[PDB]
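Notes follow once the structure below has been shown.
Laboratory data are not the source of any read-out in this text; all were calculated from the coordinates shown. So basically every Cβ, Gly included, is an ideal-geometry build from the backbone, and we count neighbours across all protein chains shown.
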Amino acid sequence: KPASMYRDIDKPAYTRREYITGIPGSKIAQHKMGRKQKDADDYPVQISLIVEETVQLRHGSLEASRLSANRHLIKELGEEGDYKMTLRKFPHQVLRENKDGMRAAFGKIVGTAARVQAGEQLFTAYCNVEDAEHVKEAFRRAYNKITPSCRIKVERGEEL
Amino acid sequence: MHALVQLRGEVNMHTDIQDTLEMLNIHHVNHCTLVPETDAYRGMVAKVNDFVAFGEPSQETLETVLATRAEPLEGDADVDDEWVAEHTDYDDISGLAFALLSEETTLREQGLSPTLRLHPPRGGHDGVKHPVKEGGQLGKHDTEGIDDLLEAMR
Amino acid sequence: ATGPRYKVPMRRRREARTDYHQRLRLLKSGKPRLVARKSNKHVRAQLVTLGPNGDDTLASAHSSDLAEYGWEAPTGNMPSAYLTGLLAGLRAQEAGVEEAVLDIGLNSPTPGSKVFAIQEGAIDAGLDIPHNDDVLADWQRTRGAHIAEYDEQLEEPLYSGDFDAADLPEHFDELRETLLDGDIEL
Amino acid sequence: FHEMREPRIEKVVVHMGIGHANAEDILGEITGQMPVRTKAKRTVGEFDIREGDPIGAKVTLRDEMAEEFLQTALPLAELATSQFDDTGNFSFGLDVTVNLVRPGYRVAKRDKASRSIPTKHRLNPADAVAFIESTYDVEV
Amino acid sequence: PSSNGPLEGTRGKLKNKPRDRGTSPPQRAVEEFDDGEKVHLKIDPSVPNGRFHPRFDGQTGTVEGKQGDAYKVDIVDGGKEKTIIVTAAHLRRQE
RNA sequence: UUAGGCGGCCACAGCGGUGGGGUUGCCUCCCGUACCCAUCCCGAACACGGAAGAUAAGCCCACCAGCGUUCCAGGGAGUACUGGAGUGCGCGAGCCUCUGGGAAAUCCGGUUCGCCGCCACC
RNA sequence: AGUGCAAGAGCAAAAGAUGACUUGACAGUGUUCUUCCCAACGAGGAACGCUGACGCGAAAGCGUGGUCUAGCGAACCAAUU
RNA sequence: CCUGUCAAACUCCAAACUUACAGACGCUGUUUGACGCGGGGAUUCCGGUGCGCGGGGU
Ligand SMILES: [Cl-]
Ligand SMILES: [Cl-]
Ligand SMILES: [Mg+2]
Ligand SMILES: [Mg+2]
Ligand SMILES: [Mg+2]
Ligand SMILES: [Mg+2]
Ligand SMILES: [Mg+2]
Ligand SMILES: [Mg+2]
Ligand SMILES: [Mg+2]
Ligand SMILES: [Mg+2]
Ligand code: NA
Ligand code: NA
Ligand code: NA
Ligand code: NA
Ligand code: NA
Ligand SMILES: [Sr+2]
Ligand SMILES: [Sr+2]
Ligand SMILES: [Sr+2]
Ligand SMILES: [Sr+2]
Ligand SMILES: [Sr+2]
Ligand SMILES: [Sr+2]
Ligand SMILES: [Sr+2]
Ligand SMILES: [Sr+2]
């Protein structure tokens, strides 16, 4: 299904699992990437991907964009490179679908999405000064798989 | 003491807003009233803010307006110095205008209609879709700004 | 204590001095409470009324100020308790108080107890208090006959400080006689 | 200071947790006073469907009855270090429990203005062993 | 509403804040009010008896006598005058 | 209030802690079961009777802020949100200006280890 | 925790537990709110009174069923007091 | 300990705002009699749109 059906925040917050059943599992494989044993403060450079518009990103896009991002980091910095990326958002919003015309229209559960306000950090990678151009590229690939336009903003990095 | 002037019509105006304007003795566009600056009166003009033009006028401007647009509680009668002298507690328009600004009395209290029925602004106003800070003619005004409007609506 | 959600009892409940549930049923009468309280050595009786910032004691009496009328005996017994109530009841009559309900606090409604003795004393002083005669001790025990007969099993004096050998419930009679007398500086 | 701080025997509870009686007879003879039945709550698969029903019995001994029992009860036991409660109590065994405490315990057992005994006035395992050991027997 | 009972949608108004939990002080349950006195209506969650219809919480009526120990308070629902039977426990003096 | 009784508000009063206080006074712990009363067993408690002892508990007094709570200053924040207005911007979801209001988390420094009423009483 | 049963709410020297006693789950008649916000409308419901008769308690007092909000039915006719 | 997120049927917090009553000002009424009461006559019980806030539905 198209994201056009679930990208906007036009419905109430629907997360209460004690009242919702049959919610599909999350396709998001990982939230902690790179070296999850090392700390974020142990890195000179901290780059984050910032969403420019308030939206809802389905776990399908979340996985795909996170995948196309980290896969690049693995390709350029190796499977054990000195970096660590983070997906700080979790798909809490349960999505329906009315799949009988408009009669008894309350739809059945089809998936989950993460609500992100404009200006928020969806991703945040921590790397060294050298690998800074690879993380920017991974994020460039990442924002190509999510509904909104994004900014690749450097939080810690006067090395330019 | 502030001078209120309705610049926006009644149609589509909220009833509670329209009712306030009527409580402030103003029932038509371009009608003006002199309101004391009290807590009670302040709440009222704040509610009317978007459909009105207000501010404290200069003694001079107030005198010009009173002379030209003030009226008795009943009748055509011109409110000139002689009129003021014979019916009010003052000696002339200036004496009246001073007490009004100093909030010592009211138009009604002196046998005058609470409303100053002004003429449309000569040369036109700054627009009723924007406030003063945005180049419009709505809301609170500078003493110089209010004078420009009132004098323009001589 | 633990957190924001924590509920701390009312002060007089933490202190375990006021049974609020009983207090309500008590106040429902509208009449003043005849607060009957005890101590290891003494016995007190207050006539309390309700007030805007707290209770109002209109007339009280303590076993300590009992000796002020000729009492050379101890102060934690039946004759003592009764007389204290009678004294309090009399001071109450003086203040305009005409009726009351027995408030015994955290004490037990045991038949023939001192709190009931206090009650009988106040009632005798002329106060109208809802009571039950067969829950009050028998007249003689109020006089302190149970203690005289205890001293009968002598061999060793019951009383340390010499008040007397075989004790005197007759003293009770003497004091009651004194209080019921119209004169007396209350 | 030491007087209103030296321990004493609060109570000695001799109990027999059977599970279904005839046992009351022996306790009455060994202790001296009358015993009391013991009920239970919650249904158990070990044939305990009847909630309120006799399962055991107990006897709370106080004063002489307590000591006169301990004189001929303690020798029958081999007191250990771990067998002591944090509040300065100990249970050995037919269970025989001894509740030990300082001179002003009534403060927490009375109705009027009751209060909980402060940690400092609460008896210690060590202070308990000592008091007991200092009366016809050995510790550890 | 899904149901039309008296306690419908009264989850908030008929519930104590955690610290106001437990039995309420007797003082206010015994308070005496005179006829003509203005009184604020507000049910005390902790007090079961002598309540009025929840819909009336927030009203400020006028004591006009009593029935037994409870009071008869006159209020104006919208435009309709009504007499409410209520105990002191759920009443407070205005001002 | 050189230690009491009944309370109001019901944590600013909680939790935890430190120091000080009692010859015929007070409150206690305390001593003790002939009685009134009492324990489904225990004068433990309740009840009654009483002072050899004690200030160690409690209690009263003075004090500490680590936790919890109340309030205050500054920071966050006139931010978030918002009642009124707009031929203001945006494809749009939405945003902005003007006008009237205005948080919360949190940081920091203070406050708070109850206040008050009636009665009794070296 | 428990409090018969949805859900939400109430309750700790209790509204819960245990024990004992008891039949107020009583007769008669009302006030008020609800049903039906505002604003007319029945049955039903509840809160709060009074009269009579009672139970328990030392007593204040509590009991007009179950802590509160569901568990209900007109005229005609029959049976019943 | 640290570190990453949420709630129409969560809340240690908490608006704007809505709302009861009262006072004040304003406006209004005492020949235009208000507020209120009683009676006669209706029509009406297919609505729609904008804006704000929504709930369902791509
Ligand atoms: Cl007492
Ligand atoms: Cl009602
Ligand atoms: Mg005219
Ligand atoms: Mg022109
Ligand atoms: Mg123009
Ligand atoms: Mg709600
Ligand atoms: Mg000390
Ligand atoms: Mg547009
Ligand atoms: Mg038929
Ligand atoms: Mg039949
Ligand atoms: Na169908
Ligand atoms: Na309460
Ligand atoms: Na039994
Ligand atoms: Na001490
Ligand atoms: Na009815
Ligand atoms: Sr929608
Ligand atoms: Sr069809
Ligand atoms: Sr994009
Ligand atoms: Sr003893
Ligand atoms: Sr367009
Ligand atoms: Sr302000
Ligand atoms: Sr009930
Ligand atoms: Sr509303």
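The alpha carbon radius of gyration of the range A:86-160, expressed as a multiple of 2.2 N^0.38 Å, is 1.61.
What is the antiparallel percent of DSSP beta bridges lying wholly in the protein assembly as shown, to the nearest 5?
Of the beta bridges lying entirely in the protein assembly as shown, close to 90 percent run antiparallel.
Amide H contacts of B:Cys32 (H built 1.01 Å from N, in plane; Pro and chain starts excluded): B:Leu116, B:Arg117, B:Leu118 sit under 5 Å, all sequence-distant by 5 or more or on other chains. Mean-square fluctuations from a GNM of chain C, with a 10 angstrom spring cutoff on Cα atoms, peak among C:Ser160, C:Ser80, C:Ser60 at C:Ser160. Entry note, chain C: the mean residue ellipticity at 222 nm calculated from DSSP H runs of n ≥ 4, each adding -39500 (n - 2.57), is -10000 deg cm²/dmol after division by the residues and rounding to the nearest 500.
Here's the picture: charge each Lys and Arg Cβ at +1 and each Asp and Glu Cβ at -1 in chain B, and of B:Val11, B:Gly123, B:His141 the one pushed furthest to the positive end of that dipole is B:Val11.
Determine the gain in length on full extension of the stretch C:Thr110-C:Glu152; use 0.36 nm per residue of separation and subtract their C-alpha separation, reporting nm with one decimal. Write out the running numbers ahead of the final one.
Details: separation 42, 0.36 × 42 = 15.12 nm, distance 2.61 nm.
Difference between extended and current length: 12.5 nm.
Report the charge-dipole magnitude of chain A in Debye, nearest 20, computed about the Cα centre from +1 at each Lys and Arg Cβ and -1 at each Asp and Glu Cβ.
1040
Could you compute how fast the range B:18-136 diffuses translationally, taking Rh as the Kirkwood radius over C-alpha pairs and applying Stokes-Einstein at 37 °C with viscosity 0.692 mPa s? Give it in µm² per second. This corresponds to a translational diffusion coefficient of 215 µm²/s.
Roughly what percent of Cα-Cα pairs across the range B:58-113 reach past 16 Å? Tail of the P(r) past 16 Å holds 30 percent of the pairs.
Only helical DSSP H runs with n ≥ 4 go in: add -39500 (n - 2.57) per run for chain B, normalise by residue count and round the 222 nm mean residue ellipticity to 500 deg cm²/dmol. When only DSSP H runs of four or more count, the value is -10500 deg cm²/dmol.
Place a +1 charge on the Cβ of each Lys and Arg in chain D and a -1 charge on the Cβ of each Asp and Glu, then give the dipole magnitude about the Cα centre in debye, rounded to the nearest 20.
Working: 18 positive and 23 negative charges, 208 e Å.
Using only the charged Cβ atoms, the result is roughly 1000 debye.
Only the Cβ atoms of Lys and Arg (+1) and of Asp and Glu (-1) were treated as charged; on that basis the dipole of the range C:1-112 about its Cα centre amounts to roughly 940 debye. With the convex hull drawn around the C-alpha atoms of chain A, the volume per residue stands at 122 Å³.
Measure out, as a whole number of angstrom, how far apart the alpha-carbon centroids of the range A:112-129 and the range C:119-186 sit. After rounding, the separation between the Cα centres reads 88 Å. Angle between the Cα long axis of helix C:170-180 and the longest principal axis of chain C, 0 to 90 degrees, nearest 10? It is inclined by approximately 60 degrees. When only alpha carbons are used to place a centre, the range B:79-128 and the range E:1-37 end up 56 Å from one another.
Name the shape class, rounded, prolate or oblate, that the alpha-carbon gyration tensor gives for chain E, where a ≥ b ≥ c are the square roots of its eigenvalues, rounded holds for a/c under 1.5, and otherwise prolate holds if a/b is larger than b/c and oblate otherwise. The shape class here is oblate. Simple rule: put +1 on each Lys or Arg Cβ and -1 on each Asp or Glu Cβ in chain C, find the dipole, and look at C:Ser29, C:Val135, C:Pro109; the Cα lying farthest toward the positive end is C:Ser29.
In this structure the amide hydrogen of A:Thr54, modeled in the peptide plane, comes within under 5 Å of the amide hydrogens of A:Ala118, none closer than 5 places in sequence on its chain. Computed over the Cα atoms of the protein assembly as shown, pair by distinct pair, the Kirkwood hydrodynamic radius stands at 38.3 angstrom.
Summing charges over neighbours of E:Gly58, with a neighbour being any other residue whose Cβ is under 12 Å away from its Cβ, gives +2 when K and R count +1 and D and E count -1.
Entry note: the range B:91-154 has Rg to Rh equal to 1.05, where both radii use alpha-carbon atoms and Rh is the Kirkwood radius.
Do the sum for chain D: with -39,500 (n - 2.57) for every DSSP H run of n ≥ 4, divided by all residues, what is the mean residue ellipticity at 222 nm, to the nearest 500 deg cm²/dmol?
Helix contribution divided over all residues of chain D: -5000 deg cm²/dmol.
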